[PDB]
Amino acid sequence: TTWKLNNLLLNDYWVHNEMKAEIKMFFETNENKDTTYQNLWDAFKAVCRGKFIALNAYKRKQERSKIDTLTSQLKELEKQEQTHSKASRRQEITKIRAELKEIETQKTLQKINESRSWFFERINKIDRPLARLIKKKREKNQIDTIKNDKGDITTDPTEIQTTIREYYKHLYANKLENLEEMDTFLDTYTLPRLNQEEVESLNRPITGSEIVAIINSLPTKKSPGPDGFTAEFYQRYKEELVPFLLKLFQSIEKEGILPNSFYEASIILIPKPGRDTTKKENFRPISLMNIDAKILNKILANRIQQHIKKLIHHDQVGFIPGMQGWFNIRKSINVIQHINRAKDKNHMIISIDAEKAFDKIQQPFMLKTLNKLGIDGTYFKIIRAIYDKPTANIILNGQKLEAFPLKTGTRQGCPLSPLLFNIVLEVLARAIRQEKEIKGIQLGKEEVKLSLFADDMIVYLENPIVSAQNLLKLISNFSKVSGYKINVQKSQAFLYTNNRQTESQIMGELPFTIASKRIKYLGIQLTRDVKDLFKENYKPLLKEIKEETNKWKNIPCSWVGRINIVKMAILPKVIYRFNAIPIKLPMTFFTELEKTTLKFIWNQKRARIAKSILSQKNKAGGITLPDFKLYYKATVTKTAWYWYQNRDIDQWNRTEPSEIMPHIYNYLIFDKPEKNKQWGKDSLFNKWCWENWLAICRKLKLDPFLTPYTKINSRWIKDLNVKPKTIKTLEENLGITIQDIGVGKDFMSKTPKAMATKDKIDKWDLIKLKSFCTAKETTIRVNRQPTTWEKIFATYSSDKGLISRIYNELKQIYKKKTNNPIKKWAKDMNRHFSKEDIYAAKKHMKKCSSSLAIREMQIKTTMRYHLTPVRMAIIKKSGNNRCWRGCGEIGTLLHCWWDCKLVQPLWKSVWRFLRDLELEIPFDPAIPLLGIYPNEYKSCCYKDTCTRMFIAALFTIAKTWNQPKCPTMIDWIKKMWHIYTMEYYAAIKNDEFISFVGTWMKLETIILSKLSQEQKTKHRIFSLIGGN
DNA sequence: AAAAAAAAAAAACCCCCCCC
DNA sequence: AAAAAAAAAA
DNA sequence: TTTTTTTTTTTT
RNA sequence: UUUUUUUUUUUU
Ligand SMILES: [Zn+2]
């Protein structure tokens, strides 16, 4: 049984103080010149583990001190009673037993209420309790049955432990010593080398700010490594650990020796879903490293990541910042189209299936590759130290098995591991690209040979008979030195031939399996013919979504919870499918998706709140419903940003087949329109993007052909017969947009740099540029304030958050007219609300409470969610519109909520409570039903308590919507007390105790004043806060 | 000629919280 | 410019 | 009574 | 029960 630090122990004030004192004392006591900082760090970790154990034991003893004392007294009295019976001793025994039962019940209620508060704070939000609600129950890691090496089925713990340990030891023990072959392979193919500045940046001394940033960036609530220390320990005590972490990291920089804790890793085996649990090869292993080792590796990972752009070619998008996966996907699809359009088909797209690449990459080859790339000095020394003695131990069924060395393979669970693996695989990628005998596919002017995402490689080959054999030879040569072994039999490939005998010969000569219809790459079903891209990617997406909704048909959550479920599980899949294949989709797809989503959201019932209202912004109810058509439009138009930026690494944008206008996309956004050119006739992604961009620009009444962001090298200047040297000078000296040059009176007159640029340009180009820019039309079209759309697509040099910004802008643009239920409420109560009242009601809906159940109830009350007798009477085409519960009156929504004679007593009790709060709130239904207050009550010092009381009353009334009994004041007290308890424990957890007390003390006092002792006892109503 | 928006007509299912 | 959640891919 | 769907008209 | 990249949503 290993030791794991809990986050509850860290949050304790006394424990935190004692732990900080112990850390400071150890750092100022055991530091000397006879002990290295690595051994001192290991001793510090051990002492911290011991101190944490001692503090936890002390806390448990203190929490159980009363229980222990009462138990000892009870045992002594029982022994005395057995020795000699006495009535008074029996009375004492009974009293002690009653006190013990009361304390145990109080502790159980404490735990239950803490769990309930944690749940209710996230009841319907996009968070853990909802993700675990939709996800299938997690399979346990308790592996009791396995198939041994002799083919027998065994359940003996020793045999299964031995089998698993031996399998994972033999997996990581295949370390190669052929250094000469590694050197030969590295010298055979050219690799990039970092310059002096980048090497110095890598080898720069570590500073405190880097360690602080890495510690703050550590994800929370993550399983700790073998030492049991979580990231929360380092985040909470960073003010005391950062100096000693600096000392340790400088020591390891100078010496190249790491603490023994930096090597030990914990391997957890996950049973692969859909696979046999009795096979040793059907388990996914994951490695947990110590938090300090992860911090060091993350520092190194960031240091190498700041140069990974130069070290890694843009063909590899996995683990590379600023590179998205679909960069390859569309690219691959484009290649397929070019093959389908070729008159002579002699092509092959091979999906190379790497077999446990992370577990088979040779550490010596990785080190030699790092040395070859010019990475040397402190950084290389630290990396070599990391992989000098890596050791991992398997946690099987909660038991720590004997550790085995990681002789080969890259340490999983390491932040530096993905970048090192990319560096290693880049040698093979460049060898394939630099091999003249391995011919790629020529898409226009771009030769495409391979695309990469981590170890998932796709190779595009022309003339497969020779190209594929050369690729296999090169891959085998790379594997002989690096261990990057390929499961060829599992490498699905599309083979395009124009002759059956040629296809048969290629299949016979090559060991690659041939996929006739589809290949799964990055979760996308790439098709042999692009015309089936929909049929294999979006129709199966609809089928999967329908199956998921049918599985979630009886899920125990409300409509808000189901909307958040759609946003959490369904929305990312649809967004990813749109990003990978943004093709023109029929309205049938969107109609079916919307129908399925709406049926799931409303539990196969008719929508109580209009879809158009929820499709608006958060001001229209606070919940919002995902608009899939707007997300699709945003995804399609996103490519315009890459068009305008014109990155040299976005090769996918240059892979679109075309016969005319070879260079249009970089001259298409904020540029002169095409001169009646029928470009993109057979385009698959880009033409639809341009069409949607034009549609959005037309809807905005915007001119997208001459904007303030019109590039200097755009068609507007090139059509002036301006020499390319002048354009380059303008780009280098003034800026990138025509606004930087200036138009009208501002033409080359904004800066002395403009004077220099004018002096550096040929006079004819100056004359033509002045004629174009100083023209009235250009001046009025350029010198204008750009909108949010142009700013989104031009002013952002980074694509992070681009989809969200475009979607928000489209939702703002497509602000369809919707009915206002608050105005309907005003009509019901014979009142007129100003725009201030409407905004107040919307803000009350948005900010009703931290928990989502209270907000959902407030939204239901305000947005006319609840059904009324009038609605049912009209639906059933009958005159039985009399109000429910029996009053003989017409059952309007206002009457059922506020004006019912059987509901009036509850509101009168609420107003009596308000009077006891010294709040002269008028008996106005708008205040509780919509959150609309008169101008005389603009003070917010009492609005929180009033909101809690009103929402509790709304819950109580809704509970008895069609019951003949009146909404009971006791039920209202109980509901507001449940809210009080949940908010109390939430404020304790979230350190919001002061505001909670300020908003709940008077209400709690009024509650306790009007309740009898029996009611308080049987309803678990008792004081929870004091004078604090 | 095609797409988008607005208007009109038809249809539904007497509670509603609760439910990790 | 921070904190948290989830999902996608590997 | 409310929402969704279909049809018609208008604009590009 | 990891790590990296990217994405969305919510709270300022
Ligand atoms: Zn009534």
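The numbering of chain A matches Swiss-Prot: 248-1275, in order.
According to its header, this structure was worked out by electron microscopy, 3.3 Å.
Including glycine, each Cβ sits where the backbone N, Cα and C put it.
According to Swiss-Prot, the dTTP binding site annotation covers A:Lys519, A:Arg522, A:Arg531, A:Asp600, A:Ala601, A:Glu602, A:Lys603, A:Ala604, A:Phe605, A:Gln659, A:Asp702, A:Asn734, A:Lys737. Residues or ranges marked as Mg(2+) 3 binding site in Swiss-Prot (evidence: experimental evidence): A:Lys556, A:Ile559, A:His560, A:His561. Look at Swiss-Prot and you will find A:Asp600, A:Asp702, A:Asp703 tagged as Mg(2+) 1 binding site. Residues annotated as domain 'DUF1725' in Swiss-Prot: A:1242-1260. For A:700-703, the entry in Swiss-Prot reads motif 'FADD motif'.
Note: the CA-CA distance between A:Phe605 (dTTP binding site) and A:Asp703 (Mg(2+) 1 binding site) rounds to 12 Å. Note: the motif 'FADD motif' (A:700-703) comprises 0 helix, 2 strand, 2 coil (DSSP; helix = H, G, I, strand = E, B).
Using DSSP to sort the residues of the domain 'DUF1725' (A:1242-1260) gives these counts of helix, strand and coil: 17 helix, 0 strand, 2 coil. In the shown protein chains, 20 other C-beta atoms lie within 10 A of the C-beta of A:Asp702 (dTTP binding site).
Cα of A:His561 (Mg(2+) 3 binding site) to Cα of A:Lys603 (dTTP binding site): a distance of 23 Å. Taking the Cβ of A:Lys556 (Mg(2+) 3 binding site) as reference, residues of its chain lying under 8 Å away and at least six apart in sequence are, in sequence order, A:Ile567, A:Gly569. In space, A:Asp703 is the closest of the binding-site residues A:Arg531, A:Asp600, A:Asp703 to A:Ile559 (Mg(2+) 3 binding site), judged by Cα positions. The secondary structure of A:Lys737 (dTTP binding site), as reduced to three states from DSSP, is helical. Taking the centroid of the Cβ atoms of A:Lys556, A:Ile559, A:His560, A:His561 as the Mg(2+) 3 site, the other same-chain residues with Cβ within 8 Å of it are A:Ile555, A:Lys557, A:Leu558, A:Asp562, A:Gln563, A:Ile567, A:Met570, A:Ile896. Recorded residues A:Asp703 (Mg(2+) 1 binding site) and A:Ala601 (dTTP binding site) have their alpha carbons 7 Å apart, per Cα-Cα distance.
If you measure from the Cα atom of A:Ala601 (dTTP binding site) to that of A:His560 (Mg(2+) 3 binding site), you get 20 Å.
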